[PDB]
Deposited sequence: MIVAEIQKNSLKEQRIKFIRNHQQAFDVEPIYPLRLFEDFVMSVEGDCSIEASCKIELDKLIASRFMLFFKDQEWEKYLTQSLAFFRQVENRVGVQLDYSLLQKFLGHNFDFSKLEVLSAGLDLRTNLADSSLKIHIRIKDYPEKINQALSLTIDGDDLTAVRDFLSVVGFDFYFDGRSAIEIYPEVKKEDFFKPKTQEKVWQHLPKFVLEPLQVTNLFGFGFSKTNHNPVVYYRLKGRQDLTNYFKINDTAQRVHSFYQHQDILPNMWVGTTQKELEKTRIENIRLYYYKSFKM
């Protein structure tokens, strides 16, 4: 035994621990696709974060999701590593995914320098056909591709009003071969009090939607009763600003203790926040793994 020789694969161990603590804590099945995601996370050499989330509807945990956030900027490599993970899900789970929307968005002339964030992973639902692989992308100052995403999405025209707010393109690849592309408009904290935000975003939203912004550094919304996303600064303020039910509380309490990143995401709809208690919510937590 030599302590310096045990250090090779040390970072690999906490990443597995984080994945399996969540699959054990919330009964995530089937386990096999989670193993391939675990192999995918093992092959990442540099810095990363893993995002772990649960979708809660009424008294039910209906979905668990894991995304790996790449931290350096070797974007082409990461997409290749992501696609290799997708092939392994196809081959060994035994499904065929639809890559057309991703191929149409990329084309054969994508400018990878315009990328800011790349993450890839999988959403597990108890009905295997409703489970999916995902890629979430953030580009900056690439209106050609923003416009292309708009064309490929369904009802892209609604988002033209907020075009300067578009930055996140997401891709869904469902195990039964369905697929989807989506753009998500966002507002940074530092833009909360700029008349453009007020005219194009804040004006169209009720008071009860706007109130958690007090404690939010990044806001996402999606007019498609909209969907809203709050990146809360600290994990303590979820129950201060959201009326969550009992099984969502347990999810939050599990991660409340843990030594994870402070920021978290809440995702809901405006109508859910109009209610007196939230019944449909997704909670997102993050752990960092730096070299």
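For this chain, the deposited residues without C-alpha positions form one stretch, 225-228.
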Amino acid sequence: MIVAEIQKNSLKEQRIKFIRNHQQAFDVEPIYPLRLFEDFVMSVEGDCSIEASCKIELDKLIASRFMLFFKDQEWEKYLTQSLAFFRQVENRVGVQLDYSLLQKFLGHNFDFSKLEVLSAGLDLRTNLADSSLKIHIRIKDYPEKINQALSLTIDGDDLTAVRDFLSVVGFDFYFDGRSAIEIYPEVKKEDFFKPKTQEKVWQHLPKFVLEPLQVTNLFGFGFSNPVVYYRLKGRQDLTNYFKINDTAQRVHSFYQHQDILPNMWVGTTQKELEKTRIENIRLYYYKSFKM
From here on, numbers count along this sequence of modelled residues.
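Relative to one another, 96-104 and 138-146 have unequal mean CA B-factors, and 138-146 is the one with the higher figure. Look at the C-alpha B-factors of 51-59 and of 251-259. On average they run higher in 251-259. Residues shown: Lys188, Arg178, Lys200, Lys77. Highest C-alpha temperature factor in the entry: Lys200. Each of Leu218, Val169, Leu83, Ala161 has a CA temperature factor in the record; the biggest one is found at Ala161. In the PDB entry, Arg282 places in the lowest third of its chain by CA B-factor. In the PDB entry, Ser64 places in the lowest third of its chain by CA B-factor. Ranked by Cα temperature factor within the chain, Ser131 sits in the lowest third according to the deposited record. Residue-level temperature factors show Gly121 in the lowest third of its chain, judged at the C-alpha atom. In the PDB entry, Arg235 places in the highest third of its chain by CA B-factor.
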